[PDB]
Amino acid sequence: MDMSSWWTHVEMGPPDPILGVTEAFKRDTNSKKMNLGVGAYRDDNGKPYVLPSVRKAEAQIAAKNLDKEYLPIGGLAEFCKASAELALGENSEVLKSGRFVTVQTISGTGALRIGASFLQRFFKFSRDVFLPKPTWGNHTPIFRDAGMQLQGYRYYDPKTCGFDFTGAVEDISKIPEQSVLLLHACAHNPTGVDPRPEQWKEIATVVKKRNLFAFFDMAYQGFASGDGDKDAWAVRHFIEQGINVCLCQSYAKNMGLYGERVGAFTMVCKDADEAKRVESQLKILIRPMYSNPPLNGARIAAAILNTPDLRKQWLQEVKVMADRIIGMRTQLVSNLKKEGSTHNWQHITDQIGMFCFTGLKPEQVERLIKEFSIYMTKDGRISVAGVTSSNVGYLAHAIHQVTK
């Protein structure tokens, strides 16, 4: 008898490495264990953190007794406008001229995917999307599933645990004209290594000269440094130089709306007419993917952005979150010197965001797990969110022991 089914030939997918680390962490019986693979912000008690401004926004919304009817294909208009304003800045000529289209998406991933699908259909010049080495794990399958091809450019420098400026500029200067270049706006995931403003300026010059299309992923505006204007400076600089970028925004981190799935995709265009045509085709792409986006998170974000008192309170809360992460970076470096480490750990404080490439080797990572129950990925990436005032001393001691 032929006992075949439809899916006999469907193989079991490979294990997710990051998930494996957190799963291993959960099983560990050591009371001193640390999870430096956690992929979301945690407070100084190591707990999930709902922003008070978000709670207050929820109360504002709940009192209005709103319906749950479908949003437009491109989402909540109020949210889209406010999202664009956050990214581009109040003084933006792009906003004043209306030479842009912003559509609400299923968080940052949704924005990346919609952007990729738009490129597949309309960016006829090339299929190649250049990603930094390394980049977010999901970037490759997003573009690949969308029907694009992936290339790489040097970014992280293993020798310094910093930015390979020379290597990056060299690689970008050799990217075929009219190719897509993906850039992390700030808080590079997973290294935390960001170009300095003067380095950004040089990159922009090459992008403009070689007629590259700049695709910005901005998942950490405000969360990175505590200053939303500073964090979005590179994006705004490119636009000022006449580079009509696209932009993927997430509110997962900076508003802690992880599971609500709140994001936006923006295309900066030549003029309002071009934006209208791009908008129509974006909607044509969105509708057969999920028809229209979720309401709850967009209402919360819109309420925060468009209510002055809430916006101010939110920006305060974001700064405190950014400062906690900066503080843990600073305390780790300080404690490492206290422990008597002679290794250069300046990269830990030079990096930005909740992900840090430590430079730890796989063998050292393995020892940290076995001996100290400190869990991180084999690449030596740590989630700074997993570090608190209570365990930063323990972490520094452990890192010293495995590197001394």
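The first residue of the shown sequence is 1; numbering continues from there.
Colleague: Going by the mean C-alpha B-factor recorded in the entry, which is higher: 195-203 or 290-298?
Modeller: According to the entry, 195-203 carries the higher average C-alpha B-factor.
Colleague: Mean Cα B factor from the PDB record: higher for 213-221, or higher for 157-165?
Modeller: The stretch with the larger average C-alpha B-factor is 157-165.
Colleague: Highest Cα B-factor in the PDB entry belongs to which of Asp145, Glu260, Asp171, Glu279?
Modeller: Highest C-alpha B-factor among the listed residues goes to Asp171.
Colleague: Test of reading the entry: by CA B factor among the chain's modelled residues, which third contains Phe125?
Modeller: Answer is highest: the recorded C-alpha B-factor places it there.
Colleague: Lowest, middle or highest third of the chain for the C-alpha temperature factor of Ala322?
Modeller: Middle third by C-alpha B-factor.
Colleague: Taking the entry's C-alpha B-factors for this chain, is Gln178 in the lowest, middle or highest third?
Modeller: Its C-alpha B-factor, which the entry lists for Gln178, ranks in the highest third among residues of this chain.
Colleague: Would you check the entry's CA temperature factor for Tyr49 and let me know if it's in the chain's lowest, middle or highest third?
Modeller: Middle third of the chain for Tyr49's C-alpha B-factor.
Colleague: Grab the CA temperature factor for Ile284 from the record and place it in the lowest, middle or highest third of its chain.
Modeller: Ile284: CA B-factor falls in the lowest third of its chain.
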